[PDB]
$ cat model.pdb   # PDB, C-alpha atoms
ATOM      1  CA  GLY A   1     136.669 128.410  66.075  1.00  0.00           C
ATOM      2  CA  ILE A   2     133.196 129.079  67.451  1.00  0.00           C
ATOM      3  CA  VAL A   3     131.113 127.062  64.900  1.00  0.00           C
ATOM      4  CA  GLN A   4     133.269 123.999  65.868  1.00  0.00           C
ATOM      5  CA  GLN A   5     133.219 124.638  69.660  1.00  0.00           C
ATOM      6  CA  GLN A   6     129.487 125.021  69.378  1.00  0.00           C
ATOM      7  CA  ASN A   7     128.873 121.811  67.462  1.00  0.00           C
ATOM      8  CA  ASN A   8     130.947 120.044  70.145  1.00  0.00           C
ATOM      9  CA  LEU A   9     128.897 121.701  72.936  1.00  0.00           C
ATOM     10  CA  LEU A  10     125.698 120.485  71.289  1.00  0.00           C
ATOM     11  CA  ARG A  11     126.986 116.904  71.062  1.00  0.00           C
ATOM     12  CA  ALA A  12     128.044 117.049  74.710  1.00  0.00           C
ATOM     13  CA  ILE A  13     124.549 118.090  75.886  1.00  0.00           C
ATOM     14  CA  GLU A  14     123.101 115.334  73.733  1.00  0.00           C
ATOM     15  CA  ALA A  15     125.261 112.648  75.328  1.00  0.00           C
ATOM     16  CA  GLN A  16     124.574 114.164  78.774  1.00  0.00           C
ATOM     17  CA  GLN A  17     120.853 113.889  78.063  1.00  0.00           C
ATOM     18  CA  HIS A  18     121.483 110.193  77.525  1.00  0.00           C
ATOM     19  CA  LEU A  19     123.308 109.897  80.876  1.00  0.00           C
ATOM     20  CA  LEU A  20     120.338 111.638  82.497  1.00  0.00           C
ATOM     21  CA  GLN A  21     117.956 109.239  80.803  1.00  0.00           C
ATOM     22  CA  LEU A  22     120.030 106.422  82.429  1.00  0.00           C
ATOM     23  CA  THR A  23     120.153 107.822  85.947  1.00  0.00           C
ATOM     24  CA  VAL A  24     116.379 108.375  85.778  1.00  0.00           C
ATOM     25  CA  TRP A  25     116.024 104.748  84.665  1.00  0.00           C
ATOM     26  CA  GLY A  26     118.074 103.391  87.584  1.00  0.00           C
ATOM     27  CA  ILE A  27     116.184 105.551  90.061  1.00  0.00           C
ATOM     28  CA  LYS A  28     112.975 104.098  88.632  1.00  0.00           C
ATOM     29  CA  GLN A  29     114.219 100.518  89.140  1.00  0.00           C
ATOM     30  CA  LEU A  30     115.371 101.098  92.706  1.00  0.00           C
ATOM     31  CA  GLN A  31     112.155 102.908  93.615  1.00  0.00           C
ATOM     32  CA  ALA A  32     110.000 100.203  92.093  1.00  0.00           C
ATOM     33  CA  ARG A  33     111.852  97.694  94.346  1.00  0.00           C
ATOM     34  CA  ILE A  34     111.364  99.771  97.498  1.00  0.00           C
ATOM     35  CA  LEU A  35     107.916 101.422  96.567  1.00  0.00           C
TER      36      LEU A  35
ATOM     37  CA  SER B   1     121.319 128.801  62.534  1.00  0.00           C
ATOM     38  CA  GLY B   2     123.250 131.979  63.558  1.00  0.00           C
ATOM     39  CA  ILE B   3     125.807 131.538  66.321  1.00  0.00           C
ATOM     40  CA  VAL B   4     124.088 133.626  68.853  1.00  0.00           C
ATOM     41  CA  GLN B   5     120.622 132.122  68.484  1.00  0.00           C
ATOM     42  CA  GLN B   6     122.261 128.709  68.720  1.00  0.00           C
ATOM     43  CA  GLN B   7     124.197 129.928  71.758  1.00  0.00           C
ATOM     44  CA  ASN B   8     120.987 130.875  73.547  1.00  0.00           C
ATOM     45  CA  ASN B   9     119.491 127.500  72.585  1.00  0.00           C
ATOM     46  CA  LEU B  10     122.498 125.764  74.159  1.00  0.00           C
ATOM     47  CA  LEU B  11     122.066 127.837  77.287  1.00  0.00           C
ATOM     48  CA  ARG B  12     118.347 126.886  77.620  1.00  0.00           C
ATOM     49  CA  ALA B  13     119.060 123.188  77.151  1.00  0.00           C
ATOM     50  CA  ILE B  14     121.783 123.471  79.875  1.00  0.00           C
ATOM     51  CA  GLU B  15     119.470 125.120  82.484  1.00  0.00           C
ATOM     52  CA  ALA B  16     116.803 122.520  81.615  1.00  0.00           C
ATOM     53  CA  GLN B  17     119.395 119.828  82.135  1.00  0.00           C
ATOM     54  CA  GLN B  18     120.180 121.355  85.519  1.00  0.00           C
ATOM     55  CA  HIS B  19     116.514 121.003  86.528  1.00  0.00           C
ATOM     56  CA  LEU B  20     116.662 117.328  85.458  1.00  0.00           C
ATOM     57  CA  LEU B  21     119.807 116.942  87.616  1.00  0.00           C
ATOM     58  CA  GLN B  22     118.012 118.598  90.460  1.00  0.00           C
ATOM     59  CA  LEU B  23     115.000 116.254  90.078  1.00  0.00           C
ATOM     60  CA  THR B  24     117.289 113.186  90.145  1.00  0.00           C
ATOM     61  CA  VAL B  25     119.170 114.330  93.231  1.00  0.00           C
ATOM     62  CA  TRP B  26     115.672 114.660  94.790  1.00  0.00           C
ATOM     63  CA  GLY B  27     114.618 111.078  93.977  1.00  0.00           C
ATOM     64  CA  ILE B  28     117.927 109.739  95.211  1.00  0.00           C
ATOM     65  CA  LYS B  29     117.467 111.605  98.488  1.00  0.00           C
ATOM     66  CA  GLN B  30     114.045 110.085  98.704  1.00  0.00           C
ATOM     67  CA  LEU B  31     115.060 106.516  98.237  1.00  0.00           C
ATOM     68  CA  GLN B  32     118.022 107.232 100.483  1.00  0.00           C
ATOM     69  CA  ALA B  33     115.376 108.123 102.985  1.00  0.00           C
ATOM     70  CA  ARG B  34     113.255 105.050 102.635  1.00  0.00           C
ATOM     71  CA  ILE B  35     116.195 102.621 102.811  1.00  0.00           C
ATOM     72  CA  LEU B  36     118.704 104.006 105.416  1.00  0.00           C
TER      73      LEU B  36
ATOM     74  CA  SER C   1     131.145 140.028  77.204  1.00  0.00           C
ATOM     75  CA  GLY C   2     130.927 138.348  73.928  1.00  0.00           C
ATOM     76  CA  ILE C   3     130.824 134.865  72.426  1.00  0.00           C
ATOM     77  CA  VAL C   4     134.349 133.647  73.424  1.00  0.00           C
ATOM     78  CA  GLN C   5     133.400 134.350  77.066  1.00  0.00           C
ATOM     79  CA  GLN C   6     129.836 133.033  77.004  1.00  0.00           C
ATOM     80  CA  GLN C   7     131.380 129.886  75.399  1.00  0.00           C
ATOM     81  CA  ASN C   8     134.061 129.430  78.037  1.00  0.00           C
ATOM     82  CA  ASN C   9     131.276 129.738  80.639  1.00  0.00           C
ATOM     83  CA  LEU C  10     129.146 127.136  78.786  1.00  0.00           C
ATOM     84  CA  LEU C  11     132.089 124.737  78.801  1.00  0.00           C
ATOM     85  CA  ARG C  12     132.628 125.166  82.550  1.00  0.00           C
ATOM     86  CA  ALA C  13     128.917 124.604  83.150  1.00  0.00           C
ATOM     87  CA  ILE C  14     128.916 121.268  81.266  1.00  0.00           C
ATOM     88  CA  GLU C  15     132.093 120.311  83.142  1.00  0.00           C
ATOM     89  CA  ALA C  16     130.387 120.912  86.570  1.00  0.00           C
ATOM     90  CA  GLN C  17     127.193 119.203  85.332  1.00  0.00           C
ATOM     91  CA  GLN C  18     129.275 116.164  84.408  1.00  0.00           C
ATOM     92  CA  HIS C  19     130.364 116.117  88.036  1.00  0.00           C
ATOM     93  CA  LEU C  20     126.736 116.256  89.248  1.00  0.00           C
ATOM     94  CA  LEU C  21     125.981 113.352  86.906  1.00  0.00           C
ATOM     95  CA  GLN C  22     128.918 111.346  88.326  1.00  0.00           C
ATOM     96  CA  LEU C  23     127.338 111.943  91.752  1.00  0.00           C
ATOM     97  CA  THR C  24     123.806 110.893  90.870  1.00  0.00           C
ATOM     98  CA  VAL C  25     125.232 107.765  89.209  1.00  0.00           C
ATOM     99  CA  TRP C  26     127.187 107.107  92.413  1.00  0.00           C
ATOM    100  CA  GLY C  27     124.105 107.388  94.646  1.00  0.00           C
ATOM    101  CA  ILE C  28     122.084 105.172  92.328  1.00  0.00           C
ATOM    102  CA  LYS C  29     124.890 102.618  92.589  1.00  0.00           C
ATOM    103  CA  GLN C  30     124.783 102.701  96.411  1.00  0.00           C
ATOM    104  CA  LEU C  31     121.012 102.354  96.615  1.00  0.00           C
ATOM    105  CA  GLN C  32     120.974  99.547  94.054  1.00  0.00           C
ATOM    106  CA  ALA C  33     123.757  97.682  95.803  1.00  0.00           C
ATOM    107  CA  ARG C  34     121.608  97.808  98.993  1.00  0.00           C
ATOM    108  CA  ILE C  35     118.480  96.524  97.246  1.00  0.00           C
ATOM    109  CA  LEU C  36     120.223  94.248  94.552  1.00  0.00           C
TER     110      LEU C  36
ATOM    111  CA  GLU D   1     134.187 106.068  98.453  1.00  0.00           C
ATOM    112  CA  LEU D   2     132.293 108.597 100.394  1.00  0.00           C
ATOM    113  CA  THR D   3     129.894 109.273 103.201  1.00  0.00           C
ATOM    114  CA  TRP D   4     126.327 110.379 102.458  1.00  0.00           C
ATOM    115  CA  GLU D   5     127.022 113.662 104.253  1.00  0.00           C
ATOM    116  CA  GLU D   6     130.039 114.349 102.046  1.00  0.00           C
ATOM    117  CA  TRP D   7     128.020 113.353  98.974  1.00  0.00           C
ATOM    118  CA  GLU D   8     125.376 115.859  99.965  1.00  0.00           C
ATOM    119  CA  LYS D   9     128.213 118.356 100.505  1.00  0.00           C
ATOM    120  CA  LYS D  10     129.538 117.821  97.026  1.00  0.00           C
ATOM    121  CA  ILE D  11     126.140 117.951  95.365  1.00  0.00           C
ATOM    122  CA  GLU D  12     125.528 121.264  97.104  1.00  0.00           C
ATOM    123  CA  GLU D  13     128.917 122.741  95.946  1.00  0.00           C
ATOM    124  CA  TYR D  14     128.584 121.728  92.372  1.00  0.00           C
ATOM    125  CA  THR D  15     124.958 122.944  92.312  1.00  0.00           C
ATOM    126  CA  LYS D  16     125.964 126.423  93.512  1.00  0.00           C
ATOM    127  CA  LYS D  17     128.952 126.307  91.120  1.00  0.00           C
ATOM    128  CA  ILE D  18     126.785 125.667  88.052  1.00  0.00           C
ATOM    129  CA  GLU D  19     124.179 128.010  89.529  1.00  0.00           C
ATOM    130  CA  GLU D  20     126.729 130.790  89.629  1.00  0.00           C
ATOM    131  CA  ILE D  21     128.061 130.068  86.101  1.00  0.00           C
ATOM    132  CA  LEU D  22     124.436 130.218  84.897  1.00  0.00           C
ATOM    133  CA  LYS D  23     123.603 133.320  86.939  1.00  0.00           C
TER     134      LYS D  23
ATOM    135  CA  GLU E   1     107.976 118.904  97.927  1.00  0.00           C
ATOM    136  CA  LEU E   2     106.791 116.177  95.549  1.00  0.00           C
ATOM    137  CA  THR E   3     104.917 113.054  94.641  1.00  0.00           C
ATOM    138  CA  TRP E   4     106.534 110.417  92.420  1.00  0.00           C
ATOM    139  CA  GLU E   5     103.821 111.011  89.818  1.00  0.00           C
ATOM    140  CA  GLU E   6     104.586 114.734  89.722  1.00  0.00           C
ATOM    141  CA  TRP E   7     108.314 113.965  89.575  1.00  0.00           C
ATOM    142  CA  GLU E   8     107.684 111.748  86.585  1.00  0.00           C
ATOM    143  CA  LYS E   9     105.581 114.562  84.984  1.00  0.00           C
ATOM    144  CA  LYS E  10     108.379 117.055  85.513  1.00  0.00           C
ATOM    145  CA  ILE E  11     111.020 114.732  84.118  1.00  0.00           C
ATOM    146  CA  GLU E  12     108.803 114.193  81.089  1.00  0.00           C
ATOM    147  CA  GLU E  13     108.268 117.994  80.634  1.00  0.00           C
ATOM    148  CA  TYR E  14     111.888 118.921  80.817  1.00  0.00           C
ATOM    149  CA  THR E  15     112.882 115.979  78.584  1.00  0.00           C
ATOM    150  CA  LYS E  16     110.434 117.149  75.880  1.00  0.00           C
ATOM    151  CA  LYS E  17     111.697 120.732  76.418  1.00  0.00           C
ATOM    152  CA  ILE E  18     115.379 119.906  75.892  1.00  0.00           C
ATOM    153  CA  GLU E  19     114.341 117.492  73.143  1.00  0.00           C
ATOM    154  CA  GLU E  20     112.593 120.377  71.291  1.00  0.00           C
ATOM    155  CA  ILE E  21     115.550 122.770  71.820  1.00  0.00           C
ATOM    156  CA  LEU E  22     117.852 120.062  70.411  1.00  0.00           C
ATOM    157  CA  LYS E  23     115.733 119.215  67.209  1.00  0.00           C
TER     158      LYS E  23
ATOM    159  CA  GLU F   1     115.095  95.624  79.927  1.00  0.00           C
ATOM    160  CA  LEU F   2     118.486  96.901  80.777  1.00  0.00           C
ATOM    161  CA  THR F   3     120.745  95.046  83.134  1.00  0.00           C
ATOM    162  CA  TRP F   4     122.669  96.924  85.830  1.00  0.00           C
ATOM    163  CA  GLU F   5     125.928  95.817  84.209  1.00  0.00           C
ATOM    164  CA  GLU F   6     124.869  97.262  80.856  1.00  0.00           C
ATOM    165  CA  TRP F   7     123.689 100.437  82.598  1.00  0.00           C
ATOM    166  CA  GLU F   8     127.099 100.772  84.184  1.00  0.00           C
ATOM    167  CA  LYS F   9     128.765 100.213  80.793  1.00  0.00           C
ATOM    168  CA  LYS F  10     126.577 102.901  79.184  1.00  0.00           C
ATOM    169  CA  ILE F  11     127.289 105.370  81.961  1.00  0.00           C
ATOM    170  CA  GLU F  12     130.987 104.662  81.508  1.00  0.00           C
ATOM    171  CA  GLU F  13     130.750 105.126  77.750  1.00  0.00           C
ATOM    172  CA  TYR F  14     128.934 108.415  77.812  1.00  0.00           C
ATOM    173  CA  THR F  15     131.187 109.692  80.627  1.00  0.00           C
ATOM    174  CA  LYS F  16     134.330 109.131  78.566  1.00  0.00           C
ATOM    175  CA  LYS F  17     132.513 110.550  75.509  1.00  0.00           C
ATOM    176  CA  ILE F  18     131.700 113.841  77.247  1.00  0.00           C
ATOM    177  CA  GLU F  19     135.101 113.672  78.938  1.00  0.00           C
ATOM    178  CA  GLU F  20     136.828 113.624  75.546  1.00  0.00           C
ATOM    179  CA  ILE F  21     134.605 116.356  74.079  1.00  0.00           C
ATOM    180  CA  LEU F  22     135.552 118.459  77.128  1.00  0.00           C
ATOM    181  CA  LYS F  23     139.295 118.325  76.152  1.00  0.00           C
TER     182      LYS F  23
END
$ encode --input "model.pdb" --output "structure tokens"
Amino acid sequence: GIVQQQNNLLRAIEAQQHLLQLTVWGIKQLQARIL
Amino acid sequence: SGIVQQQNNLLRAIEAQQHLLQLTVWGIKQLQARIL
Amino acid sequence: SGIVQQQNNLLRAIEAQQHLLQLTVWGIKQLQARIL
Amino acid sequence: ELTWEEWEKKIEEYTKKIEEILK
Amino acid sequence: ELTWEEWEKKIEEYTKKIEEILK
Amino acid sequence: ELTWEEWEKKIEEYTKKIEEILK
């Protein structure tokens, strides 16, 4: 039901925001060791 | 609160997350360019 | 049309976005393995 | 694995895929 | 076409934007 | 500071987390 599917969608985007935070972090490391 | 308002909200955070994804593919391409 | 359909679409978006993430993680891994 | 061309290829196809689903 | 400063500013802007929409 | 191992482990964690919310 849509309240449940929507809570799940919110938790997905949260976790995905953490993955993004991590890819940004790695990019920053790399770049600080080439630039 | 109501399911539609919250549905919009989830849409806006998803398009914002696509612009973050875009920005990271850009930085990758940049360091790809430096290196190789 | 309606919230069942806008929700199916939202699910497929997050699915595809998870693939983009897998790809940016992959590129980061390449870069980093050629600096570290 | 992958090439960097094919990576670019795949990034471009998932970006238009999302970009369609988002209109 | 970007600087790394401006990239960082855009990452920070969209992160606060999502982070508002999620609180 | 993170280590690259622990980064990889966090990526793997969140990927299976999303991947199980997507079932």
$ resolve_selection --input "model.pdb" --expression "the ChimeraX specification (/C :<8) & /D" --output "list in words"
residues 7, 11, 14, 15, 17, 18, 21 and 22 of chain D
$ residues_around --input "model.pdb" --residues "residue 35 in chain A" --least-positions-apart "5" --cutoff "12 Å" --atoms "all atoms listed in the file" --output "list in words"
residues 27, 28, 29 and 30 of chain A; 30, 31, 33, 34 and 35 of chain B; 35 of chain C; 4 of chain E
$ atom_distance --input "model.pdb" --atom1 "CA of residue 18 in chain A" --atom2 "CA of residue 2 in chain A"
24.4 Å
$ resolve_selection --input "model.pdb" --expression "the ChimeraX specification (/C :<10) & /A" --output "list in words"
residues 1, 2, 5, 6, 8, 9, 12, 13, 16, 19, 20, 22, 23, 24, 25, 26, 27, 28, 29, 30, 31, 33 and 34 of chain A
$ calpha_fit_rmsd --input "model.pdb" --fixed "chain B" --moving "chain C"
0.5 Å
$ atom_distance --input "model.pdb" --atom1 "CA of residue 21 in chain A" --atom2 "CA of residue 23 in chain F"
23.7 Å
$ atom_distance --input "model.pdb" --atom1 "CA of residue 14 in chain A" --atom2 "CA of residue 19 in chain E"
9.0 Å
